[PDB]
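Residue-level structure breakdown
One-letter residues, chain by chain:
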Amino acid sequence: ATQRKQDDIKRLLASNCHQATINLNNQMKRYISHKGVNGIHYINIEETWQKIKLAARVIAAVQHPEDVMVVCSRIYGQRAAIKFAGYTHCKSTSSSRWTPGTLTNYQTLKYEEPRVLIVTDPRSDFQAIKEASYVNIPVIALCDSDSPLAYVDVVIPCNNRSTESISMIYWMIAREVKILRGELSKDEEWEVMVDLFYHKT
Amino acid sequence: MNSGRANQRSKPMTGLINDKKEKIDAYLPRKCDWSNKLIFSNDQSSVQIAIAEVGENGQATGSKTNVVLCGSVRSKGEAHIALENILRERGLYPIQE
Amino acid sequence: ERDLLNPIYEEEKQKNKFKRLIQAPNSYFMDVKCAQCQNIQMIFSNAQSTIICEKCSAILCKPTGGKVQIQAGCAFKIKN
Amino acid sequence: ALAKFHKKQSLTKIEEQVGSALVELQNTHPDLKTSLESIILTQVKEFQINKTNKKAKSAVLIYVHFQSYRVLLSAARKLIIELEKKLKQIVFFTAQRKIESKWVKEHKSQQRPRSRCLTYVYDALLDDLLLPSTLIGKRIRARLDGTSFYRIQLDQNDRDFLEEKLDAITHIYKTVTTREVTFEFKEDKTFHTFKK
Amino acid sequence: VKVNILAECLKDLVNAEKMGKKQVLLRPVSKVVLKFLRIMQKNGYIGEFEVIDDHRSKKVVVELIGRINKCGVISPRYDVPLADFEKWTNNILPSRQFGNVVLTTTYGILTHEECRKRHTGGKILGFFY
Amino acid sequence: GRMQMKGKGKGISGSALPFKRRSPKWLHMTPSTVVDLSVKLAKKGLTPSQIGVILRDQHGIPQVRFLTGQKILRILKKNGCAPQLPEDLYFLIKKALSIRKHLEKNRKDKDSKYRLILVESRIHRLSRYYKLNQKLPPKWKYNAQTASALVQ
RNA sequence: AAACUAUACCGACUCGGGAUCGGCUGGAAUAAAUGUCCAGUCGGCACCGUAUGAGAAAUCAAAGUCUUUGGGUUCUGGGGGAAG
Ligand SMILES: [Mg+2]
Ligand SMILES: [Mg+2]
Ligand SMILES: [Mg+2]
Ligand SMILES: [Mg+2]
Ligand SMILES: [Mg+2]
Ligand SMILES: [Mg+2]
Ligand SMILES: [Mg+2]
Ligand SMILES: [Zn+2]
């Protein structure tokens with residue numbers, strides 16, 4: 001608990017990143033702290049923080065950022081993740097329609113060959129993960145309690161339901177990646193509001 | 001109770017060696033860092049994750065730990081666990097603050 | 001993270017008595033104070049049939065299915 | 001105090017000391033009267049324990065004749081407490097235990113009872129080495145080279161009594177038994193269904 | 001009805017190696033099971049193992065890495081004269097180059113190799129590779 | 001598992017002995033006093049098992065052998081009150097007879113005929129044991145009429 | 001008898017999830033009970049996912065732990081008809 005870390009957990013809490021649906025894929029058993037009277041499943045936030053940083057370290061690791069690929073289906077993380085790709089200089093799946101064959105078929109128009117893949121809802125984005133499975137491509141996923149971890153290498157426990165949550169997760173990851181890349185000081189605050197990544201109605 | 005796992009990595013891997021002490025083995029496969037299985041030519045799903053090293057200034061050192069995982073492990077959804085623990089034993093996780 | 005050799009208490013308590021490492025029982029023994037004559041007696045947790053305090057002959061416990069029903073104002077402590 | 005021994009013929013300085021102690025006690029304490037009436041000793045061994053502490057600690061192991069055993073176990077706490085006072089060392093008690101050989105069966109009609117067996121007897125020795133307390137659990141470890149290793153789980157509450165004795169016990173056991181013994185303290189875990 | 005405790009423990013073992021499991025609880029256990037494990041460990045396959053004393057038979061936790069391709073029991077425990085060794089090493093083992101067939105002998109439990117060096121034989125227990 | 005029920009018989013009824021072999025600390029009864037009680041109960045015509053239960057519920061004695069060193073029957077033997085026919089076999093025959101009783105009257109009852117077959121089967125099966133282990137006279141047989149007069 | 005899961009019996013071990021019938025163990029609400037709910041667990045009948053396990057497939061959590069071939073035990077088959 002530095003002031004930095006306290007700011008991190010405060011941001012995470014405020015964004016309500018720790019609220020999950022009621023199903024537990026048992027694969028998630030380890031990431032979930034509390035099970036409420038109202039059935040709400042509550043995530044340990046420390047795990048979230050840790051995993052965000054780990055992820056950032058995986059992304060810093062790929063030499064050339066365009067070999068990292070963010071994939072999102074839902075409407076919330078469209079905005080957030082396109083902004084993410086924006087600051088992170090990586091590739092975005094914009095069209096919510098992921099074309100079967102995108103990773104597998106060298107003949108497709110959307111054809112990509114990332115070194116690392118990042119998905120917003122393993123459950124929604126599943127086809128992407130399945131394709132990554134055919135290519136030897138590792139995956140960082142944003143993961144709710146209901147989400148399958150099959151073929152997922154880095155789990156960041158989140159609430160991938162809300163805009164607030166998803167957006168500030170992609171945000172925090174981006175900021176930490178910036179830091180690791182020396183595009184930003186470790187001590188310095190980032191002038192980009194989280195509010196950008198929110199999905200406007 | 002870690003002892004066997006450590007001793008396992010203690011000495012280097014060797015392909016077939018005849019009495020003239022040549023290496024006969026065409027290539028030395030990577031083995032998974034969790035299950036310790038062999039990494040196929042043909043493995044569709046085997047994966048090598050590189051993770052960056054961090055100086056106290058937040059700086060990447062350009063230094064990388066590579067963690068290899070094998071098809072059966074990712075597929076069973078053990079990956080998200082395996083990796084974490086592999087990072088423990090290498091002293092890189094959890095992340096300090 | 002899990003170690004078979006150092007299993008977690010709250011877990012073993014949840015497990016069936018034969019499925020624990022030490023294979024330990026769920027029963028206790030209790031000192032029971034008769035409501036009337038105020039005598040102290042020892043009673044097995046799942047005790048079979050019925051118990052009458054030796055002094056005043058009044059009824060302390062009733063048998064069931066693994067529970068004993070402590071009747072009325074009889075106070076008890078587990079022995080351990 | 002040759003009355004306190006079964007031979008009575010010869011006693012070492014150490015055995016003179018213990019004998020005179022038990023005399024002093026059968027005289028002082030009405031508590032122990034009966035108990036010291038019934039206790040006869042076979043043997044007494046002395047040990048020197050030297051550790052990294054630089055503390056060289058004298059420790060005494062006294063062997064109660066088997067028929068005094070029940071009474072000994074009954075009097076154990078009081079007894080070790082007073083004897084640790086009467087000499088500047090620490091004390092232990094065991095039962096004098098014969099061991100019958102595996103393959104030399106002496107008489108056609110005698111079946112060597114398991115009560116006297118290398119193992120069972122050595123184990124019993126451990127049980128005596130801890131004597132005021134008891135094992136909560138016991139586990140054996142196989143190292144990679146093939147050395148066997150013992151480690152023993154002990155009641156939390158008895159820490160007071162057993163803390164310093166540990167080294168002495170491992171020295172004694174390594175000596176007589178040839179065994180490496182380790183200890184742990186856990187809480188004794190009772191599984192109760194309590195009704196709040 | 002339990003026959004052959006070595007068989008229980010061996011199969012449960014192989015199963016857990018095969019499932020990529022990091023350790024095995026093994027119950028119940030015998031001398032023979034522990035000597036067999038002391039053998040596999042000495043020979044490099046399993047790692048460190050711990051024995052648990054429940055007042056009855058026992059339990060045994062086994063750290064495995066993964067090495068064991070298979071480890072079996074042969075039942076019935078046949079009679080294996082020195083003459084028959086060839087048979088059993090060709091029939092049971094993956095290759096000449098490795099793997100062991102363990103036997104009980106009047107000189108004790110041995111790698112078939114230990115038996116050529118001790119010049120004896122005769123009761124087959126199991127194998128591992 | 002459960003004997004002579006093929007298909008589904010298989011389940012675990014409880015008893016699990018604790019680890020501590022030493023008798024419990026709160027227990028103040030001398031092993032002698034215990035042997036006295038157990039023998040009193042015995043002479044009152046109780047079963048080694050029933051005696052066990054009584055000592056356990058009422059008297060705060062969890063395991064009698066961990067107190068004395070002698071199991072209950074052995075105590076009974078030394079101290080001379082002995083249950084001539086083993087409690088074990090005794091109950092099996094009591095049963096086989098109650099089935100005889102009910103069956104002589106309702107002769108159309110097939111389930112009870114089959115149950116009888118099973119119980120008698122177990123009785124012989126126990127006889128062999130107690131015979132080879134010298135706990136029963138060597139010529140002793142279970143017949144309807146013989147065993148009916150046999151102390152049951 | 002298609003006396004049918006067309007699937008021998010005893011025993012281990014290998015995935016996940018709710019629900020169900022019978023015991024038990026705590027906990028909670030009320031209108032305070034042979035009733036509710038919650039969490040355990042033992043045993044039943046099953047089901048739904050899933051297997052980098054099996055199979056010629058249909059399919060199978062056994063029909064898996066089989067050429068990496070051996071836990072114990074009875075029974076049955078060896079192209080089609082002739083022919084029960
Ligand atoms: Mg045998
Ligand atoms: Mg059973
Ligand atoms: Mg209740
Ligand atoms: Mg077949
Ligand atoms: Mg297939
Ligand atoms: Mg199915
Ligand atoms: Mg076969
Ligand atoms: Zn009363």
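Residues numbered from 1 in each chain as written, not as in the entry; some residues may be left out. Chains lettered and ligands numbered in written order. Part of a larger assembly, values for the part shown. Heavy atoms only, no water.

Looking at the entry header, you'll see X-ray crystallography listed as the method and 3.703 Å as the resolution.

This part is about the overall build of chain E. Helix and strand content of chain E: four helices and eight strands. In summary, chain E has a C-alpha radius of gyration of 14 Å against a globular reference of 14 Å for 129 residues, a match within 12%. If you line up chain E on its principal axes, its C-alpha atoms span 40 × 30 × 25 Å. Taken across its 129 residues, chain E has 51% of its residues classed as buried. When contacts within chain E are restricted to residue pairs at least 6 apart in sequence, those whose partners lie at least 24 apart make up 62%. When the accessible surface of chain E is split by element, carbon and sulfur atoms take 50% of a total near 6,500 Å². Averaging the coordinates of the 22 positive side-chain charges in chain E and doing the same for the 13 negative ones gives two points 2 Å apart. (Helix = DSSP H or I, 4+ residues; strand = E, 2+ residues; numbered from the N terminus. Rg over C-alpha atoms; globule rule 2.2 N^0.38 Å. Buried < 20%, exposed > 50% of the residue type's maximum accessible area, 1.4 Å probe, protein only. Contact = heavy atoms within 4.5 Å. Areas by Shrake-Rupley, 256 points an atom, 1.4 Å probe, with all protein chains shown as cover. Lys, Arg positive; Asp, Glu negative; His and termini not counted. Charge placed at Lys NZ, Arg CZ, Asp CG, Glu CD.)

A word on the environment of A72(C). Residue and element names in this part refer to chain C. Mapping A72 onto the fold places it in the loop between β5 (67–70) and β6 (75–79). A72 sits in the exposed class, given a relative accessible area of 74%. Along the chain, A72 and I59 lie 13 residues apart, while their C-alpha atoms are 9.1 Å from each other.

What follows deals with the protein's contact with RNA strand G. Taken together, 44 residues lie around RNA strand G, and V1(E), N15(E), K70(E), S75(E) and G7(F) are the ones closest in. Counting only atoms of RNA strand G within 4 Å of the protein, the fraction found in sugar and phosphate groups is 82%. A distance of 3.4 Å separates a sugar or linking oxygen of RNA strand G from a polar atom in the side chain of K76(B). In this structure, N69(E) approaches RNA strand G through a main-chain N or O atom, which is 3.2 Å from a base oxygen. The dominant element in the surface near RNA strand G, judged by the number of residues it contributes, is helix α1 (residues 5–18) of chain E, at six residues. Residues that form the surface near RNA strand G fall into these classes: 13 nonpolar, 17 polar and 14 charged. (Near = heavy atom within 4 Å. Polar contact = N/O pair within 3.5 Å; in protein donor to acceptor, adjacent residues only side chain to side chain. Nonpolar A, V, L, I, M, F, W, Y, C, P; charged D, E, K, R; others polar.)

One number sums up the size of the second largest pocket: a volume of about 2,200 Å³. In this structure, the second largest pocket is lined by 47 residues; those nearest its centre are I81(B), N85(B), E1(C), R2(C) and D3(C). Residue contributions to the lining of the second largest pocket peak at six residues, all from helix α3 (residues 79–89) of chain B. (1 Å grid on protein atoms, 1.4 Å probe; cavity = no way out; pocket = protein on both sides within 12 Å on 5 of 7 lines; lining within 4 Å. Points joined across faces, edges and corners; volume = space filled by probe spheres on them.)

By size, the foremost hydrophobic cluster in this structure holds 63 residues, and its most contacted members are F84(A), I140(A), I156(A), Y170(A) and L69(B). Ignoring any residue separated from it by four or fewer positions in sequence, one finds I140(A) in contact with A55(A), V58(A), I59(A), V116(A), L117(A), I118(A), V119(A), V154(A) and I156(A). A59(D), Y63(D), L6(E) and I39(E) belong to the second-largest nonpolar core, a separate cluster that totals 53 residues. (Core = buried A, V, L, I, M, F, W, Y, C linked by side-chain atoms within 4.5 Å.)

Residues and elements named next belong to chain A. The three strands lie next to each other as β1-β3-β2, forming an open sheet whose pairing is antiparallel. If you trace the sheet from one side to the other, it starts and ends with β1 (19–20) and β2 (32–35), each paired once. With two bridges connecting them, β1 and strand β3 (residues 41–43) associate as antiparallel partners. The residue of β3 that forms the bridge with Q19 is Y42. (Pairing = 2+ DSSP bridges.)

Looking now at the interface of chain D and chain C. Opposite the nine residues of chain D that make contact, chain C presents 15 residues. Both sides of the chain D and chain C interface together cover about 1,200 Å² of buried area, and 57% of this is carbon and sulfur. For the pair chain D and chain C, the interface holds three residue pairs in polar contact. (Buried area = accessible area lost by both parts, 1.4 Å probe.)

When the eleven pairs of chains in contact are ranked by number of contacts, first place goes to chains A and B. Nothing in chain A touches chain E, and the closest approach of their C-alpha atoms is 16 Å. Separated in space, chain B and chain F share no contact, their closest pair of C-alpha atoms being 24 Å apart.

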